[PDB]
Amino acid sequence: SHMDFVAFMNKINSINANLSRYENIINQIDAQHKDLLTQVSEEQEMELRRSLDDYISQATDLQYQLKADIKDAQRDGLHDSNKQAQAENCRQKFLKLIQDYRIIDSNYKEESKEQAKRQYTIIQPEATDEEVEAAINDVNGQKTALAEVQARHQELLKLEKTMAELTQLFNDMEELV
């Protein structure tokens, strides 16, 4: 049927539109991360984290929508080889972007730890390298440098929660093949 054909292709086009939309958000997040690691004023850092929090929020919403639409498209192609192939192709591209997001947040977590460590040597010049690593790795023990250590410490906790969300989403999409 003609109308049955463009209906499924409308689903694929919508998914592919949200896929590229999702890819842009992920790259904007990566860029906000690297800008936040520069010397910025208090008002400039607040503006950057405003956009970053918005981008993070958009990413979570698009992940819900892509999860539902890709699963729904896969069910429409259970006995149609052409429909199954397109939906599977959408599923693989979604997973690659989830992998990009995970790796992007992984890089930011390391560089945020390295910044928190170097910032801990200022607040405690006598502290040794091991005492610095142990302090940053939560928890045991919590100047402009002090507030940043507490801030990046609370940020590492939210990065780990986001990466746990991506792992769960990643496995939710693998229970489809």
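Residues carry their position along the shown sequence, with the first being 1.
- Coordinates are lacking for 10 or more deposited residues between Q142 and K143.
- Here the stretch with the larger average CA B-factor, out of 21-29 and 156-164, is 156-164.
- Checked against the record, the higher mean CA B factor of 91-99 and 71-79 lies with 71-79.
- In the PDB entry, the Cα temperature factor peaks, among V40, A127, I56, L66, at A127.
- The PDB entry assigns the greatest CA B-factor among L36, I123, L52, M46 to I123.
- Among all modelled residues in this chain, the alpha-carbon of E148 has a temperature factor (C-alpha) in the highest third.
- When the modelled residues of the chain are ordered by their C-alpha B factor, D61 lands in the lowest third.
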